[PDB]
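I'd like to ask some things about the structure below.
FYI the Cβ positions are ideal-geometry reconstructions off the backbone, even for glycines, and counts take in every protein chain you see. All of the numbers you see were taken from the coordinates with simple rules; none came from a lab.
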Ligand SMILES: *[C@@H]1O[C@H](CO)[C@@H](O[C@@H]2O[C@H](CO)[C@@H](O[C@@H]3O[C@H](CO)[C@@H](O)[C@H](O[C@H]4O[C@H](CO)[C@@H](O)[C@H](O)[C@@H]4O)[C@@H]3O)[C@H](O)[C@H]2NC(C)=O)[C@H](O)[C@H]1NC(C)=O
Ligand SMILES: *[C@@H]1O[C@H](CO)[C@@H](O[C@@H]2O[C@H](CO)[C@@H](O[C@@H]3O[C@H](CO)[C@@H](O)[C@H](O)[C@@H]3O)[C@H](O)[C@H]2NC(C)=O)[C@H](O)[C@H]1NC(C)=O
Ligand SMILES: *[C@@H]1O[C@H](CO)[C@@H](O[C@@H]2O[C@H](CO)[C@@H](O)[C@H](O)[C@H]2NC(C)=O)[C@H](O)[C@H]1NC(C)=O
Ligand SMILES: *[C@@H]1O[C@H](CO)[C@@H](O[C@@H]2O[C@H](CO)[C@@H](O)[C@H](O)[C@H]2NC(C)=O)[C@H](O)[C@H]1NC(C)=O
Ligand SMILES: *[C@@H]1O[C@H](CO)[C@@H](O[C@@H]2O[C@H](CO)[C@@H](O)[C@H](O)[C@H]2NC(C)=O)[C@H](O)[C@H]1NC(C)=O
Ligand SMILES: *[C@@H]1O[C@H](CO)[C@@H](O[C@@H]2O[C@H](CO)[C@@H](O)[C@H](O)[C@H]2NC(C)=O)[C@H](O)[C@H]1NC(C)=O
Ligand SMILES: CCCCC/C=C\C/C=C\CCCCCCCC(=O)O
Ligand SMILES: CCCCC/C=C\C/C=C\CCCCCCCC(=O)O
Ligand SMILES: *[C@@H]1O[C@H](CO)[C@@H](O)[C@H](O)[C@H]1NC(C)=O
Ligand SMILES: *[C@@H]1O[C@H](CO)[C@@H](O)[C@H](O)[C@H]1NC(C)=O
Ligand SMILES: *[C@@H]1O[C@H](CO)[C@@H](O)[C@H](O)[C@H]1NC(C)=O
Ligand SMILES: *[C@@H]1O[C@H](CO)[C@@H](O)[C@H](O)[C@H]1NC(C)=O
């Protein structure tokens, strides 16, 4: 049970993607060959809606999920730590959440009582994470998965954005395909120009009419650090 | 060809055929479940002794070839329907079950099983423990679930159940012992898998052999048959790919299930030969020229 | 809501496309047969029925 | 060395033939596969 | 160029499930795979002609 009273209008800044956002189509090794494929890809030089924090803009809104999205987040500090996918985001329709809470990675899918304002609280005094509330009940369940243990640095960094992490999500035939990729970057604006291939990392067997998506942000106490994530829709 | 190089992964555990096909409780159609299958020796001969399937018909693969092939990404669904609704579980069908409860994809690589269970899922009085949806907006997408229980109205406005044009979308299956073949419980198990595309960890009992290299052999790598010469390679395979392909669709590189090591496959026949003859009338001797 | 059909299989059109298509000159026949004679109602079959 | 004159050698040097060696042995097409030579791919399919 | 085109024309599904054999023969029995084999043979013979 938490909420924010102070609000700031979303920026909703539109930028351009420099022909980035491709992924491996199939699990077949091919070398020294030019292959022609037809699938859902991000169009070259297309709009990307950016959402920016640390400017008193704790956005965390709902974004439509039409034929998949391309999630590219640039951040020098771990402010974005997962997503939540659902139809109505209430406790009347099943939703799947993926949170990068430390010492594991959690994927769970169940009739979740969303708090309407996801939260992840960590104080800058000791750089230690304290418990937060993303949901209040669980009700009926249908998936679960806990990964291995790792620790991500919560220490705040004063420098500009240091790493780029891009993901691609697609729901087809009851499977949520996830592709991951990461490349170093040093800039403070727009989306780095370049090329990068995304490798398959997940195929989650959950049957949900996934139509809306919302990210999970981390706040350093009202207010947070600098982190920008871009959303791009794929088209056939 | 001379020898056989059949090679299968290191699987030494029998598949769970009692957890499924012999589960104490089976879910309803409107809320079905899924189970992941891995590290199995899929021999359906063990089911010959206990379970008899009234309908075992499926697509994307031949029934007789299920013992040699190797499948990947195997999942098993389970639900309970009546006699007349057991024909709706098939690609390209219409009905209450095939629209609002469980829809199969148009293209489907898997197997569907179903048997009759009257002595277990029926009583002298009504069972009324299995439910299904009959009122819904639109149609379900293939392999999707809808477990929400909200009042349904033709207009779409939320409403209380006692109001007009407001019904509960879930009805109860009334199973009695004194019923015909129709309206009788039928437990259905649907299996889906993908083969010869990704690395696999589940298939039937085929005894692997040793590796034969630099010789025309009849290999069998995870169900992929053919004749060729196996040669050590230099390509580097990423951990999510197993086979390789050329500019023309043909497998040239296959990762060894056991002893991961990338092997090259080449055609056995290569070259050219011509025959020189002075004429049959003159002599029967010939001269052979190899290019 | 009312009737359950033990056999609903037919030809010349796809079952899933019956909601978008528009038919003309529709006629309906009706009769009563036994269980073993219900398979004889099909194009290219032999039997008493 | 060559039995051709200077002009004929110049003419032969201009044309960049695909250089079908007319003897592509099984050893050459079985090794050095990373080059992906077109001729080795054609002779594997019965085109000579 | 003609020979290279003929080589690269071997990866076309001439109405069959797959363009590469030993895959149709491994997933289907003798009777069912014969149709796809005949389709591939017809397509490749047309290419040769
Ligand atoms: C998964 O969730 C999605 C997203 O919510 C859902 O798809 C559709 O959601 C939209 C948005 O809520 C609905 O579409 C419209 O909704 C309103 C409210 O009814 C109306 O504008 C429309 O309904 C009327 O449409 C026609 C009138 O023009 C008439 O047929 C009649 O009057 C309808 O009331 C319209 O539906 C929509 O309700 C749902 N989809 C459906 C099929 O109803 C979807 O249900 C989920 N997807 C899956 C695959 O289960
Ligand atoms: C999804 O969650 C809902 C809500 O919890 C489940 O519905 C509820 O299921 C329980 C049993 O798990 C029902 O309790 C039992 O119901 C009847 C009498 O109504 C009787 O068998 C028992 O005395 C007991 O009370 C409960 O009524 C039912 N409804 C509500 C509103 O709570 C639902 O089953 C879950 N679905 C799945 C697929 O798990
Ligand atoms: C996002 O795409 C929209 C498409 O409407 C662009 O917004 C307008 O596009 C029209 C049509 O080309 C132009 O005439 C307007 O000038 C655009 N408005 C603005 C404010 O630029 C929009 O530019 C795109 N976003 C980008 C390119 O970042
Ligand atoms: C689904 O969520 C709603 C909204 O939170 C829950 O409604 C609550 O119902 C209880 C009584 O059951 C009331 O005391 C609360 O005030 C309600 N909350 C709100 C915000 O109005 C509803 O119970 C939930 N359904 C469940 C848990 O099955
Ligand atoms: C991150 O999430 C995991 C999964 O829920 C948490 O690990 C579990 O913690 C509970 C605490 O009651 C234990 O009962 C479980 O056995 C743990 N699961 C394991 C170890 O697999 C973990 O605590 C979370 N991290 C936090 C809260 O900092
Ligand atoms: C599958 O089992 C075989 C059994 O031979 C394994 O091969 C042995 O691997 C060990 C190391 O794990 C070596 O020391 C032996 O020399 C190998 N023996 C032979 C005959 O090759 C093989 O590694 C196993 N594969 C996997 C993936 O576990
Ligand atoms: C009498 C009016 C005839 C109108 C003809 C035009 C279209 C009719 C087509 C289909 C009607 C019957 C569909 C089968 C319903 C199956 C229900 C079930 O399987 O449970
Ligand atoms: C024993 C003599 C066998 C002779 C073989 C030559 C021809 C036989 C062919 C068909 C015989 C049986 C026809 C089926 C009759 C169906 C009657 C029904 O469906 O009601
Ligand atoms: C750091 O500060 C937090 C927050 O006050 C406190 O809980 C914790 O004990 C402190 N020490 C360490 C070692 O984390
Ligand atoms: C299958 O179920 C029957 C009861 O229906 C039980 O007696 C038998 O032991 C089971 N067989 C197994 C689990 O192999
Ligand atoms: C097969 O079933 C019979 C009874 O029909 C039983 O005695 C026997 O033990 C069973 N064998 C196996 C291998 O399950
Ligand atoms: C559907 O059938 C139920 C009983 O099963 C009945 O109460 C209801 O009125 C029927 N609805 C319609 C629209 O015919």
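Zone of residue E:4 (label point 7 Å along Cα→Cβ, backbone N under 20 Å): which residues in the stretch B:250-291?
Under cut-off, by backbone N: B:250.
Right, here's the next one. Would you give the gap between the C-alpha center of the stretch C:20-42 and the C-alpha center of the stretch B:49-64, rounded to a whole Å?
The distance from the Cα centre of the stretch C:20-42 to that of the stretch B:49-64 comes to 30 Å.
Could I ask something else about it? Could you please rank B:86, A:22, placing first whichever residue has the fewest other Cβ atoms within 10 Å of its Cβ?
Least crowded to most crowded, the residues run A:22, B:86.
For the protein assembly as shown, just say rounded, prolate or oblate: build the C-alpha gyration tensor, square-root its eigenvalues into a ≥ b ≥ c, call rounded for a/c under 1.5, and beyond that prolate if a/b exceeds b/c, oblate if not.
On the way: a/c = 2.10, a/b = 1.21, b/c = 1.73.
Oblate is the answer for the protein assembly as shown, as a/c is 1.5 or above yet b/c matches or exceeds a/b.
Between residue B:127 and residue B:46, what FRET efficiency comes out of the Förster formula 1/(1 + (r/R0)^6) with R0 = 41 Å and r the beta carbon distance, rounded to 0.05?
Efficiency for this residue pair is about 0.90.
Still on this structure, I have one more. Using only the alpha carbons, work out the radius of gyration and Dmax of the stretch A:53-128 in angstrom.
Expressed in Å, the Cα Rg and Dmax of the stretch A:53-128 come to 14.0, 42.
Looking at the protein assembly as shown only, what percent of DSSP beta bridges run antiparallel? Nearest 5 please.
In the protein assembly as shown, DSSP labels about 90 percent of beta bridges as antiparallel.
Separate question: Label the stretch B:89-204 by shape, choosing from rounded, prolate and oblate, from the square roots a ≥ b ≥ c of the eigenvalues of the Cα gyration tensor; if a/c is under 1.5 it is rounded, and otherwise prolate applies when a/b is larger than b/c, oblate when it is not.
Cα axes put the stretch B:89-204 in the oblate bin.
Could you compute the FRET efficiency for residue B:120 and residue C:18, with r as their C-beta to C-beta distance and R0 at 51 Å, rounded to 0.05?
In this case the efficiency is close to 0.90.
Set the Förster distance to 30 Å, then compute FRET efficiency between residue D:11 and residue E:11 from the Cβ-Cβ distance, nearest 0.05.
After rounding to 0.05, the efficiency reads 0.15.
If I model a spin label as a point 7 Å beyond the Cα along the Cα-Cβ vector, how far apart are those points for residue A:116 and residue A:11 in nm?
If labels sit at residue A:116 and residue A:11, their model points lie 2.7 nm apart.
Could you check the simple spin-label distance between residue E:25 and residue B:225, using points 7 Å along Cα→Cβ, in nm with one decimal?
Distance between label points: 0.7 nm.
Right, another one. Return the whole-Å distance between the Cα centroid of the stretch A:92-122 and the Cα centroid of the stretch B:90-104.
32
A follow-up question, please. So how far, in whole Å, is the C-alpha centre of chain D from the one of the stretch B:239-291?
When both Cα centres are located, 20 Å separates them.
Specify whether the C-alpha gyration tensor of the stretch B:75-121 places it in the rounded, prolate or oblate class, a ≥ b ≥ c being the square roots of the eigenvalues: rounded for a/c under 1.5, otherwise prolate if a/b is larger than b/c and oblate if not.
It comes out oblate by the Cα gyration axes.
Using only the Cα atoms of chain B, construct the convex hull and provide its projected area averaged over every direction, in square nanometres to one decimal.
For chain B, averaging the hull's shadow over all directions gives 25.5 nm².
While we're looking at this one, here's another question. Provide the percentage of antiparallel DSSP beta bridges, counting only those with both residues in chain A; round to the nearest 5. Intermediate values should be presented prior to the final figure.
On the way: 63 of 66 bridges.
The antiparallel fraction comes to roughly 95 percent.
Taking all pairs of different Cα atoms in chain A, averaging 1/r and flipping that mean, what Kirkwood radius in angstroms comes out?
18.8
Additional query: Extending each Cα 7 Å along its Cβ direction at residue B:136 and residue A:148, get the distance between those two points in nm, one decimal.
Output for this residue pair reads 4.0 nm.
Also, quick follow-up: Looking only at other chains, what is the average number of their beta-carbon atoms within 10 angstrom of each beta-carbon in B:242-255?
Taking all residues of B:242-255 together, the mean is 6.
Given contacts defined as C-alpha pairs under 8 Å and at least six residues apart, what's the relative contact order of chain B, whole-number percent?
25
Additional query: So for chain B: antiparallel DSSP bridges make up what percent, rounded to the nearest 5?
85
What is the order of B:236, A:170, B:118, fewest Cβ neighbours within 10 Å to most? Don't skip to the answer; put the middle values down first.
Working: B:236 8, A:170 19, B:118 15.
Ranking B:236, A:170, B:118 by Cβ neighbours within 10 Å, fewest first, gives B:236, B:118, A:170.
Can you give the direction-averaged projected area of the convex hull of the alpha-carbon atoms in the stretch B:33-133, in nm²?
For the stretch B:33-133, the mean projected area of the Cα convex hull comes to 7.9 nm².
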